[PDB]
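You are given structure tokens for the same protein chain in two forms, set apart as structure 1 and structure 2.
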Structure 1
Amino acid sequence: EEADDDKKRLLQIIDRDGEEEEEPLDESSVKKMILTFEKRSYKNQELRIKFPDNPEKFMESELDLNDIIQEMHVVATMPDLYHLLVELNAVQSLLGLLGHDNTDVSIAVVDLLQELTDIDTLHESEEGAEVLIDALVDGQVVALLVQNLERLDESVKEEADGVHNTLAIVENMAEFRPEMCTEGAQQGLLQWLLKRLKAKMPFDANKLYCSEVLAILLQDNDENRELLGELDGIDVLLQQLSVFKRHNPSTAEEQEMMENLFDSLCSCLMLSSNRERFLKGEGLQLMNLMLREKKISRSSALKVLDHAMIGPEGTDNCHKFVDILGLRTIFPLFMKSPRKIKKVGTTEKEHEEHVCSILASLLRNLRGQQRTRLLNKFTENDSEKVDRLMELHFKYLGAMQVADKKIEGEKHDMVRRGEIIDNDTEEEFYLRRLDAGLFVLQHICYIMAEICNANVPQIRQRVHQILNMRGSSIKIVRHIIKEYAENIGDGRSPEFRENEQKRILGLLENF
């Protein structure tokens, strides 16, 4: 017996040198390369069946299999030949190797897959890109990549890179095919991203990457937003954000992660079904606590509250917000806007924009005792809040009039010039009005009109009292509101826009 003269002979093999030598691969270089890949992949699979308990007997075939996969990164240089990888079933083979028993192999193909699906690489060949992406999606890449992901140890660097490269793949496909975000998320990816986020590990760069991918998956995709709801993802997001309620993020990469979660949270609140979830998950209480602490997360917390209470489906959140003493929190922000001395936060216009969007949401949705508590805020201290509302009114009416004057002047200049006023000219105009503070001013006017319909004489009197003693007309407000009611509910049923139009306009009588 001597089974010790084949390991000594094996070491002489894995230390064997390599011949040296070119010209950019043609279709025949790739053909030769793929055949070798199938040749080595078949030998390795066969040897692992023959000697499942004797690694020495199949490890030089696995070394060979790993070498060809590394070598195939060159194919990404010329995406015109991607049709060859599909026709010759290299893609079906590679996807099968994602479930190879050795983790070193599966990692290797994940590295190859991300190199092949590089965004700049894919745009080099529209024809070659489509055929590759179609093979990947039909062969269920995201499903297989996730399955392989579940067996990776992140305490091992080579496999931590594998997790990263796996995510890099989906960031690539979702940019080339935004249509596959739904399929990808439902193939277990979203489920996995949630687990990885709430995993009790320290903050590494892979957690930052997960927060980033999750935002992409939820971007204008109502189907994935509902999916995140079913998977109890709102709770995960709230739990992760609750770390930064009293403390700021240590590093800067952790601060960006915090914002990627805030993005995902707002993105989920776009779906009405997630409003009740955010409510049951005590998100309102959390957000309100962040406003009281006044840490870094104070800016995005205000944004979340606005998204939660906005519209008809935010009516339950509006009532709960008042219940949890939200009024004592929001009105100080209404009186004075926090200053931007830092670098990462909302501006003054952006702050006042959300506060006014919040009050307008409350005035639209609140009923019962909660509505009275809101109106009483406007009466207290000799209606100082009404004075504050008017100060804001004149500020944005001023900025708006300056912009409107500049816009109308250009219209006249264009007429003498002979230039026709385009539809892409009128759209350029609308943008100048927006960052002048149009949306803010519209909320300020809606608030003004709603509290004058409250049949509270001290309020209605003060509004008219301030309006003329400054010079502005009650008619200017009526103009802004008609314009506001017109462009309402963009993204909702024709029935909705019709009834809300009626409702808003009805506030102009009895004003």
Structure 2
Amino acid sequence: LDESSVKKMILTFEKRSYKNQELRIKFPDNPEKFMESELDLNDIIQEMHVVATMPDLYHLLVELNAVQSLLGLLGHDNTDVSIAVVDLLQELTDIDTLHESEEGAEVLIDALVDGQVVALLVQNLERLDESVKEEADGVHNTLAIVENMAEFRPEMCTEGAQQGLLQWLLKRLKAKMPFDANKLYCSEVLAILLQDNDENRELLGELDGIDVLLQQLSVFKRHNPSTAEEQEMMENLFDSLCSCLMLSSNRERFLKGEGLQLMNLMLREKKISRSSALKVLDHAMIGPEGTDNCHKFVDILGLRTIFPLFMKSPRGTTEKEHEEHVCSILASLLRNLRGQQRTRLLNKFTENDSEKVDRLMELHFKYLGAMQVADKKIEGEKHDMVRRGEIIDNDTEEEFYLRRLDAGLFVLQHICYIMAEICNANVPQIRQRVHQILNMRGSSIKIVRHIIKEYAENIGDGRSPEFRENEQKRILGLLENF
């Protein structure tokens, strides 16, 4: 159809909108008087879905106050109308369609945001009722809208969350309603809001969200969830929780919500979620800000949980990934721990004639070998690239880095840092053991030292500048007393 067909439609809607509003004001409890215009409005709304197909003429909608009318209509006293509008809004903003016309799309988006679209969607949700199939579908379309908007443009997630979305999502997740498709959807949307968005992580924390997250996870601590969809939800929740843990402010909250105990329990009871519960543990401990958590871990016998996992790797989660988190956690513990807990941790490295140390060195040799092979492969790639005429650029460099990471760079680094910290503790047995074994193959003290220097260069991206010198300093301190 043509902009002759379309331009009609909008203004028709406006008339039908305005008229319906007027009539509804005039006869607040005489249904008879507004009803046929109610139907007229509904029909015109349904017919609009058409417009999605023409992505540019979106610019038009804005101009003739269509958008604004729509936004108002999510407040319309009759849920049948608002659901219909929601559906229309979801069709308009279906992401494939948007990537047809970025100009029509862009201005529509701008209009939508400027109107507090998310806030009005949430208001609508607050009065929807899911025991009624069309309403429940309204919720789903609502969520779909925000998923579409996030995909088209990130910056707004911060504003949207504060516009009551995040809080509603939390309420929905804690709601005592059987798991259903909406809940799953909620779980992914929350995760989408939370990646890279610290004000939302913070906001979640303030909203007491950490508790909520832990309780849902609580649910499947001993048993697995009923269906594949519910397990995907769990994974979603886990992701969200890890995101939240990137913010320092949230480590305290985790601690006081007994997050640590829970994850420990999960690790002991060998659920599939355990692969994730290891990740969570890792996140909960990484930086200086994971110091209290590190100590509490030891207090609750985390050591007994973690060391068996260190000694043996059980086989979605691969062997490498499993080792990675464990070693990372150990690294964090060696960094942050102090006093009795630290002493206890070191005792593990002495025990059974430093079997842990023998483990460590075994791991080292495993990952090192891999690393060597990958780096050789990368060398060969370079040479061939030169021969052909292909220029090594940023994309080729990132691809190489990914390949290296796959081979276990981070875990290697972690191992080596453990080795270093261990040796720096005044324990002859340990140093002897390390040096014994290196010289048992010869290969070697400098290698480790090189590896540690590489690690020191890089991390952190990072949080503070002054911090980053000091950390490098302390790492290098470990290299002399080796």
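By convention here, residues take numbers in order along the sequence of structure 1, the first being 1. For the two forms, the rigid core is made up of the largest set of C-alpha atoms that agree within 1.5 Å on superposition.
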Check your understanding: After the core is overlaid between the two structures, has the C-alpha of residue 327 moved by 2 angstroms or more?
Key -> no
Check your understanding: Quick one: once the rigid core is lined up, does residue 381 have its C-alpha move by 2 Å or more between the two structures?
Key -> no
Exercise for review: Fill in the domain rotation here: degrees turned by the smaller rigid part against the larger between the two structures.
Suggested key: 11
Exercise for review: Enter the rigid core superposed C-alpha shift of residue 48 between the two structures, rounded to one decimal in Å.
Suggested key: 1.9
Check your understanding: By how many angstrom is the CA atom of residue 427 displaced between the two structures after fitting on the core?
Key -> 3.8
Review point. What is the magnitude, in angstrom, of the C-alpha shift at residue 411 between the two structures when the rigid core serves as the superposition reference?
Key: 4.2
